[PDB]
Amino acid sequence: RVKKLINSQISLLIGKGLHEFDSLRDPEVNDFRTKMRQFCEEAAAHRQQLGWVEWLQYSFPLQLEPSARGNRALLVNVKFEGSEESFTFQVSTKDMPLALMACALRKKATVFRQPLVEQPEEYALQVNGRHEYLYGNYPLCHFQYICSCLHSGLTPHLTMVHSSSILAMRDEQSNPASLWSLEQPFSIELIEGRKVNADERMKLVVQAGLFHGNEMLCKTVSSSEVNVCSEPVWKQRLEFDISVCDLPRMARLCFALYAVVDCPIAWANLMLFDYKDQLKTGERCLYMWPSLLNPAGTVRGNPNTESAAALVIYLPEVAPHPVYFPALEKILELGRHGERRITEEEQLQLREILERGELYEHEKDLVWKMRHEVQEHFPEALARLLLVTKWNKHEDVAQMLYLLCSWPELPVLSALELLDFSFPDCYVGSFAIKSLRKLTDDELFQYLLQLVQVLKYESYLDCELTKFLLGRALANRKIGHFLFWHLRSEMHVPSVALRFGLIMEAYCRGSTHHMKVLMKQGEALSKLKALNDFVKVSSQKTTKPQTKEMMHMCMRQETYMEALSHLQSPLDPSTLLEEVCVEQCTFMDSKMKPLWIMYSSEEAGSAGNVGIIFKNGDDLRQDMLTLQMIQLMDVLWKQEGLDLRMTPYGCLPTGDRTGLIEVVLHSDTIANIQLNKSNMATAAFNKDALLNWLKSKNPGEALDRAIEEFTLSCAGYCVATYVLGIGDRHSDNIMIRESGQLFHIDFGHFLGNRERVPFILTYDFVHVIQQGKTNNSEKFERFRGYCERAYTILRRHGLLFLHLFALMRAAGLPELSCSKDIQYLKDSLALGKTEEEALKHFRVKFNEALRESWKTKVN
């Protein structure tokens, strides 16, 4: 009764009926579902018995300041859960939550004239009207919430929540109750093709290659030219220059059907061994993807069989019995035997190339020969060694694996490199995952987007990365929340819909309660899509105030009021979207008419006043990636004591060309501010407009802080947009907060898009930095130091950006497709240079931007 209901809820939530999984009659799919359902149910059972503080860590993970990861007076308002009464008292930013709780309990004991049985140790502090809590031994300023309150001048509002109330939360959210002997050359039979569409004047060719990730295992082989028709017949043997015994475990056979007089038509790939390590034999009908060879492409066929071109091949029965890939112990027994001492002049050449990339043929022979010295004295150079390993020789792969199986754990930075498609071996991926287990939940969340993209490179459904991601998502509700949405937003992509659908179902088995919370979000998103469609049509016939009044009426319907109210925000599960403020809702006049949905919450006070933007028609993945990169910059800067007052607002794709963007309230575009309308708080010179607007928002002594906020954030965005190559910057996509913080929006073009984006300096912004003065080198040169400091901090982490962007090539974003896009980051970060050379080059670029800025000052 309940299992049937849950299955129907999973189907609606993931956007694909579970019956469709069953209908594939696919053993691999069935074994994934069984194994992962069991793995996720164990996680759920472990969670239901967690202690009350451990359950707060699961459900409300701490939001700490980046500097606090791994003195001053403060007013705080504290209430108790079943109370309207509140106590405002002064604490120190260095006090711990326990002291604040003990203080609140003394105030409650004297007001209620009774000495209390409850100890401060029995409570946690909830941020009012948010799924956010303050707990643990950390000073108040170490929490992101208190730190945020400190800068914005607002008073923290906290609610004392008792352990029994937290346990009541935990309880109501419960789940219900031998190859190496086969020396023959590898070969296949190209039988025939189906549903082929091509120019009848041309001829058809099938090119085939053997790959181990990016590297070709042997030379490619082509079929003979056969006349173009819908059902081509070849019925010919294709033989490769590699012995069957040497095919590595992760070998893939890649096809490309094209037309010749070049006209690409289709591609299809497959793993030579199955998920149970057995070499494949018999016929295979390969349903091809429309387009020369595509090795990174998926190894599962095109699901649109009704119209996909197919390629029938035959994998020969190389043995009278099934052949399985050797078990690890047999590989290790073979690799155990090898040879290790060569010249100090050869040793010195190894230290130069390992601390240097690309290298010559003789240097590969030197790195391979000294592989034991690589393991012992340069363990972090494992990736260079794996690249020199000849993956087409089964005995060199066995020696690489013997060293790998005793390789010391590498740092997270090194592991993120190893997840790249250039390291397709399963043991290498397993080693990379083992070195990633030490990632904190905060580091994991920072890199989650890249780890999800790595799933598209996985050759098999059940893998160490999926289990690692599912285990982390079930142990942290915020990780779980975003893993769900990163997968859900790609269900319209046929190449990932099965893998992603299966991960989402398995996660759902682990948290029935969270599945229901996510349904409530999908219901709101469903209604927002209908509302945006209504707005796009109505905006073409009537005026903006009429379409807005019609939008409000459609929102005031009972179905909309229920669907859109009392939900956790997809942008941030800590943010509660309570009462939709229909009157404050609106839409932008851009082509897709994005909706601006406003919310309030009595419980949360001013912090419950939040906005979300529903956007349908544009792809939001590039915006999300850019905004995550700016947030990563902000974390790296704050880790060095540098706060550039950045505004990395939320952006989350949720569906096909659909997603949400977090509203930053009290913000306006530079264009609106520069409109210089009359009867407002009105410049003599348009250059005075931003500064006058800052003055009206920050009177008296507050102007100085607003100018400083502007300066810091301007330096941060100047460096961020330059490093990332964000172009097409104009007054309509640069915003300013009433606090003075400048920020950028609308990141549809990055990494040059394809020119080399120069460093930018705007006169109107220089004018604010210079406090409205023509000459103010004191304030201007403080700003130049903020820029150089920010830039030099990012260069020190250049490899982190490079590794993350390399993992993102799997996303298929058009402006991040090849090594040419990664080159842009190398050039902007000047990674081939020393710090002095790169600082000299940054100074030349900043000075160039100043002379260009002066072409406006001169006018």
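In this text, the rigid core denotes the largest set of C-alpha atoms whose superposition between the two forms falls within 1.5 Å. Numbering starts at 1 and runs along the sequence shown.
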Worksheet entry | Comparing 145 to 153 and 379 to 387 where Cα RMS over structures and residues is taken in 7 other deposited structures of this protein (core fit), larger one | 145 to 153
Worksheet item: Which of the two stretches, 123 to 131 or 81 to 89, moves more in 7 other deposited structures of this protein when the core is held fixed, judged by C-alpha RMS distance?
Response: 81 to 89
Discussion item. Taking the other PDB entries of this protein that cover both neighbours, check whether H321 lacks coordinates in at least a third of them.
Written reply: yes
Discussion item. Check this for me: in at least a third of the other entries compared, is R754 absent while its neighbours are modelled?
Written reply: yes
Item to complete: Could you bin the unmodelled part of the deposited chain lying between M588 and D589 as none, 1 to 3, 4 to 9, or 10 or more?
Response: none
Worksheet entry | Between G70 and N71 - deposited residues without coordinates, as a size class | 4 to 9
Worksheet, complete the sentence: Ranked by mean Cα B-factor in the entry, 344 to 352 and 396 to 404, top stretch is 344 to 352
Item to complete: Between 756 to 764 and 781 to 789, point out the one with the higher average CA B-factor as the PDB entry records it.
Response: 756 to 764
Worksheet item: Between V493, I188, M624, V719, which carries the biggest CA temperature factor in the record?
Response: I188
Discussion item. Highest Cα temperature factor in the entry, among the options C463, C581, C218, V299: which one is it?
Written reply: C218
Fill in: Among modelled residues of the same chain, the CA temperature factor third for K235
highest
Worksheet item: Looking at the C-alpha B-factor of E54, is it in the lowest, middle or highest third of its chain?
Response: lowest
Response to the item:
On the chain's distribution of Cα B-factors, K203 falls within the third called highest
Response to the item:
The third of the chain into which the C-alpha temperature factor of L850 falls is the highest
Worksheet item: When the modelled residues of the chain are sorted by Cα temperature factor, does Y360 land in the lowest, middle or highest third?
Response: highest
